[PDB]
Every structure is written in C-alpha cells, then in structure tokens.
Amino acid sequence: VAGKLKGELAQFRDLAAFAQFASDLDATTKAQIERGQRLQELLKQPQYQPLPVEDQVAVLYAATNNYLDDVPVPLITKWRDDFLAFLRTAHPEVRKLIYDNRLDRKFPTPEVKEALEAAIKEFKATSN
Amino acid sequence: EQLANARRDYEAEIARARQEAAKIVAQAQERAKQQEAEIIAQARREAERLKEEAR
Amino acid sequence: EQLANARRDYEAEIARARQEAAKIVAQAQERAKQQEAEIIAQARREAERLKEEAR
C-alpha cells in the first residue's frame with residue numbers, strides 16, 4: 001500500500017513552488033499537488049492516538065485508490081477519523097479480515113478488496 | 001407518446017425512489033443495530049479489562 | 001418540465017431519505033455512546049472500590 005504513497009509524496013515535494021503561487025498549471029501538475037496535499041493531511045495525527053496496522057492499511061488504501069479525491073483538503077483529518085470510527089463500529093469484520101491476511105504476498109486479495117472497497121463506498125455514500 | 005412516457009416515468013421513478021429509500025433505511029437500521037450492539041459489547045470488554053488490570 | 005421536475009423530485013427525496021438515515025444512525029450512536037459512558041463509569045467505580053478493599 002505504501003509504495004504509491006511514497007512516490008506521490010516525493011513528486012509533490014518536487015512540485016513545491018507551483019502549488020503555492022503558480023496559477024498557470026494544467027491538471028497534471030495540479031493533480032499531483034492535490035494528491036500530495038491529500039496524503040500530507042492524511043499523515044497529520046494527534047498525540048496519544050496510535051493507529052494499529054489494519055487501520056493504517058485501510059486508510060492508505062482509501063487514499064491511494066482515488067477514493068478520497070473528492071474530499072476537500074482541510075477536512076481530510078476528520079474524514080480519516082470518521083472512517084476509522086465507522087470501521088470500529090459499522091464493520092469490525094473488515095478490520096479482522098485485514099489483520100488476518102496482512103502477511104500474504106499479494107495483500108489486495110479479492111476477499112479483502114471486496115468488503116473493504118465496499119466499506120469505503122458505504123462510508124462515502126452515507127457521510128457527505 | 002413523449003408526454004405519456006414522461007408521466008409514466010415520473011411516477012415510476014418516484015416508486016423506484018421509494019424502493020431504494022426503503023433499502024437505504026433498512027441499511028441504516030442494520031448499521032445502527034450493529035453499531036450499538038458492539039458498542040455495548042466493547043463497553044463490556046473494556047469493563048472486563050478494567051477488572052483484570054485492577055486484579 | 002416533467003423531465004426536469006422528475007429529476008429534481010428523485011434527487012431531492014433521495015437526499016431526504018439519506019438525511020433521515022443520518023439522523024437514525026446519529027441517535028442510535030448517541031444512545032450507544034451514553035450507555036457506554038455509564039458502563040465505563042461503573043467499571044471504574046468498581047475498580048476503585050476493589051482497590052480500596054485491596055489496600
């Protein structure tokens with residue numbers, strides 16, 4: 001899950017000045033700026049609130065599979081927190097499913113890709 | 001015929017919207033029943049952990 | 001106008017269904033949260049009483 005995260009963050013860091021006051025960019029530079037801002041806001045975490053491995057896997061899967069693109073920049077921390085709360089309560093079985101097969105070579109198993117993308121879609125439709 | 005199909009589609013779309021809204025409320029009720037059930041269960045588990053660490 | 005109003009009615013009533021589903025899940029969550037708060041409070045008080053008796 002984290003290779004795409006690292007690459008996109010590196011591209012965004014390369015594209016620094018353009019984000020902040022260049023206004024003549026296509027939606028190719030600006031797309032990377034947007035996605036990098038999404039991921040950077042995703043890493044903003046409070047104190048004394050650690051996230052287990054399945055939580056980070058689910059959040060980064062949502063972020064890197066374009067399921068978070070429509071969310072505006074300042075609301076991403078709240079989106080992550082709400083998605084986690086939904087995931088504790090609405091579907092603990094998907095958390096258990098992620099945690100059980102986090103060690104297999106090909107993690108996005110169809111059993112896992114289903115019931116995780118499904119949960120993401122349910123949260124997207126139900127909230128906002 | 002344009003007007004006829006438009007009217008029939010208007011009422012039929014209302015009907016299918018009510019069917020999908022019934023599905024939506026069913027899903028919301030299922031989510032609520034779930035969420036409350038394991039919220040109480042997690043409260044029970046946390047109380048059990050509190051007793052265990054107290055011991 | 002029938003086409004436009006059909007689209008508007010479908011979207012508006014689907015939105016209303018979603019909003020009332022949101023209210024349903026919200027009130028269920030509030031009930032679960034306050035019950036959990038009571039559970040944790042009584043568990044903490046049990047732990048404190050047990051600590052006093054252990055002392």
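Overview of results
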item: Teacher prompt: C:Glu30 distances to equivalent labels in other copies, 7 Å Cα→Cβ, nm; result: 2.6
item: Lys, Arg +1 and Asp, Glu -1 on Cβ, resulting dipole of chain C about Cα centre, debye, nearest 20; result: 180 debye
item: Across the identical copies, how the B:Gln19 labels are spaced - nm, sorted shortest first, 7 Å along Cα→Cβ; result: 2.6
item: Spin-label zone in the stretch C:1-34 - amide nitrogen under 20 Å from a point set 7 Å from the Cα of B:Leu3 along the C-beta vector; result: C:1-7
item: Computed E for A:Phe21/A:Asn66 - FRET, C-beta separation, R0 35 angstrom, nearest 0.05; result: 0.85
item: Links that overshoot a 26 Å alpha carbon limit, given the list A:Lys6/C:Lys33; A:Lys44/C:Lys23; A:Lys96/C:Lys33; A:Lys124/B:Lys23; A:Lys30/A:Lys113; A:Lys78/B:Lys23; result: A:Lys6/C:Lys33; A:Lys44/C:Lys23; A:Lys30/A:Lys113; A:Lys78/B:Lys23
item: Positive-end residue of C:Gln29, C:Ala17, C:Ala4, charge dipole of chain C with Cβ unit charges; result: C:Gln29
item: Student exercise, the stretch A:7-128 dipole from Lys, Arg, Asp, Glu Cβ charges, in Debye to nearest 20; result: 240 debye
item: Electrostatic dipole magnitude of the protein assembly as shown [Cβ: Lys, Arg +1; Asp, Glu -1; Cα centre; debye, to 20]; result: 580 debye
item: Among A:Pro92, A:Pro74, A:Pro46, residue whose mean-square fluctuation peaks in a GNM of chain A (springs only between Cα atoms under 10 Å); result: A:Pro46
item: Separation in nanometres of the label points that stand 7 Å from Cα toward Cβ, at A:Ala2 and A:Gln37; result: 2.6 nm
item: Residue mean of other protein chain beta carbons inside 10 Å, B:3-11; result: 2
item: Cβ neighbours within 10 Å from other chains - mean over C:48-54; result: 1
item: Approximate spin-label separation C:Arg18-B:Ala15, in nm, with each point projected 7 Å along Cα-to-Cβ; result: 2.5 nm
item: Calculated from backbone phi, Karplus (6.51, -1.76, 1.60) coupling profile of the stretch B:33-41 in Hz, x at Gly/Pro; result: 4, 3, 3, 5, 4, 6, 5, 5, 5
item: Prolate/oblate/rounded label for the protein assembly as shown (Cα gyration tensor, a/c 1.5); result: oblate
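Read-outs throughout are calculated quantities, based only on the coordinates presented, and are distinct from any laboratory measurement. With ideal geometry, Cβ positions are generated from the backbone for all residues, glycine too; neighbour counts draw on all protein chains shown.
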